[PDB]
Every structure is written in C-alpha cells, then in structure tokens.
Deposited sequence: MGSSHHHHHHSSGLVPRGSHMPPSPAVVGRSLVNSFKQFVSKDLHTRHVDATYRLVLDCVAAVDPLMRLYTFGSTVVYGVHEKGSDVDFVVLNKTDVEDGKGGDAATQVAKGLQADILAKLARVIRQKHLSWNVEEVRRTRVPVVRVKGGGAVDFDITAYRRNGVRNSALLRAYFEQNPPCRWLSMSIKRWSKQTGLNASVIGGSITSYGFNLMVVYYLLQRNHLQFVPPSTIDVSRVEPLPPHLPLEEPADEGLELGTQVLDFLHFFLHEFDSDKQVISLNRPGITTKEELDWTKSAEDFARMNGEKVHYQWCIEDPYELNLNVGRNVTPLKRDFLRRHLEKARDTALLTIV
C-alpha cells in the first residue's frame, strides 16, 4: 500500500477504541492499607505511559515505602534478598486480596526475575502488583515524558503494540519474544533517531516527583485521516529492516545517537558467559534497559525469533500492520 492507504485502514481499525482507574487504585489501596497503612501504591505501565486506559490492557501497580519514594533515583537491587523481601510482602497482600475478594483469582507468580502477584477479577478487571521497585515507575514516567513531547505518537505506539500481540511477537503470546515495554523502547528509539522527540536523560526521572496516579492525557484522533500515522509506520518498519543494524547496534535510550554492542560487551563471547533466570541471554536483538544494570530487553530473541521479527516487519508493510 502507501502512507495514505495505511493511515486510513489504521484510523479505521481503531474507531471503536475512541468510544475510571481511580476506583481500582482505590480498591487496591484498601488491601495495602490492611497489610501496612504506611505503604504507598504507585501506578505504572501503559496507563501511565499513554495517559489512557485501553481494553485488553491490565493495570500495573507497585507498593513502595516512604523511603523508597524519597530515594527517588536509587536502583533496584537484583539480589536474592531483595527478591525475598518483595515476595514476603506480596504473599501477605495476596492473602489479603483473596480474603477481601473471593471471586478474584490471585496468583502469586514465581517464574520471574521480578516477583509479581497477578489478579483477575473476571470483570476484565486485571492488574499486576510488584513490591519495592522504582524502575517500573521510573521507565514509565520516562516513556510518559517522551509521549507528552509529541502526544500523537501514542498512536504509532498503540498500533505497534496491538500488531505485536496479533503477530505472535509480543512476550504475552506463546512463542513471543519482546514485551510490550520492549516495543515502546523501539518506538521511542526510532522517533529519537528521526527527530520527532528530544532526548531526555533517564537519570532526570526522579520517583520522588512522579505522581502515584498521574493525570489522564486526552488522546485525540489523527486529524489528517491518518497520513502522519501511516507514513510513520511505513518508516518505523523501514527503520528496523533497512537502517537499524541488529548485528552491531543496540536500541538504547541511555545516550542520544548510536550505541554499539562492542561498547557494552554484548557479544558472542558474552552470550557464553551470560545467563539470566538460570538460562541463556541472547544478544541478537539488543534493547538496553534505561535503568537495570546490563539488562538486554530482547534477551529472548533467539536467532530464530530474529527471523520471525524480520519476517513480520516485511508482511506488516503490505498488510498495514495486519489491518488490510
């Protein structure tokens, strides 16, 4: 197709999306007050990034203490004790949520690097609780900060996210490699390279100044019937197929300009020594975490999943990201 055609099939595909989180936030703070009344609740993830709440999206919360919040720029420990601490306080809160809401499924998730409690209410009321981590709110505010720069870019984002679940690329789907977060990191990196955004050093995001529940950010329709959205997609996909060099480069918001794998020691050699969650890390598709230490966000992109990613980045160019 063409920028225009793509733009219209996309605005068309979102048209019933354009047709209240405080209540959940409140519901949840109930259970935290019960565990410890001095304990803060922070919202993060797409709600906070986009300033809007989508259907098919959950809500991400983290429970923090006063001093975790005042240490607004501290890192998150990746020690075993940190993980012990976080699991101890999320077991109690889970116990409390179950004990206040019998219909709800409260699953204490332990597969992960980051201990999380997963809650389904049935009423498509969904959410994840984590404890004692700042990086979650820090990177969402960092991505929020950027999206406020150029608010219509949220459409490029939402368009990429939805397609990634649909393609089976998103970490939410079996066989998926990159989280929704990882994809936002690409959207932004791309827009940076192309000058639609101004660089914001990650270290200026100060948790002691973020809002626990930030204000809504009106999402408005593309007022050119999609031409800007359409030409950005066609270009985003061109950027990742023909401009970004996955063998020598790292998608990163840590520096403006290029970051190489060489300078990070994200190399073949590294892979042999590397391990994350009692398992291999891959350095095929490299996405540098703004805040975590030496964490590649596409560590699951096996040499084969890098095939599918290229495979899909090409089909998406002729299917308007699966809409026509």
Next on the checklist: Relative to the deposited sequence, which regions have no modelled C-alpha positions in the structure?
Outcome noted: 1-22, 42-47, 353
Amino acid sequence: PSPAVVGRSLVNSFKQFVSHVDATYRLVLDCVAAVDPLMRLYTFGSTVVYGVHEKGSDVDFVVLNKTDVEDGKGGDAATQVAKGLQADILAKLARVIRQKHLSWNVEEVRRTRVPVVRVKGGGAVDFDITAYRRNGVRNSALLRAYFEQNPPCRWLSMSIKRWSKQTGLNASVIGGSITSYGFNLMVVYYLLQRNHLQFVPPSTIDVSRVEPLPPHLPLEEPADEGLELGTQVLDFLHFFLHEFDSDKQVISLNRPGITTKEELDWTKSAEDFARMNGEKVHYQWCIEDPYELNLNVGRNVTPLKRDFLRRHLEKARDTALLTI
From here on, numbers count along this sequence of modelled residues.
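We call the rigid core the largest set of C-alpha positions that still match within 1.5 Å between the two forms.
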Item to check | Divergent stretch in 7 other deposited structures of this protein, 121-129 or 141-149 [C-alpha RMS, superposed by the core] | outcome: 121-129
Checklist entry - What stretch shows more C-alpha movement in 7 other deposited structures of this protein relative to this form, 270-278 or 284-292, after the core is superposed? => result 270-278
Item to check | Which of 6-14 and 21-29 has higher mean CA B factor, as the PDB entry lists it | outcome: 6-14
Checklist entry - Mean C-alpha B factor from the entry: is it higher for 49-57 or for 272-280? => result 272-280
Next on the checklist: So if I compare the CA B-factors in the entry for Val250, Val81, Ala91, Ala124, which one is the largest?
Outcome noted: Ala124
Checklist outcome for this item: Scanning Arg133, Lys120, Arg138, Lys161 for peak Cα temperature factor in the entry gives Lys120
Checklist outcome for this item: Here the Cα B-factor of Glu225, set against its chain, lands in the third termed highest
Checklist entry - Should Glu263 be placed in the lowest, middle or highest third of its chain by the C-alpha B factor in the entry? => result middle
Checklist entry - So where's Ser172 on the chain's Cα temperature factor ranking, which third? => result middle
Checklist outcome for this item: On the chain's distribution of Cα B-factors, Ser180 falls within the third called lowest
Next on the checklist: Which third, lowest, middle or highest, does the C-alpha temperature factor of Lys165 belong to within its own chain?
Outcome noted: middle
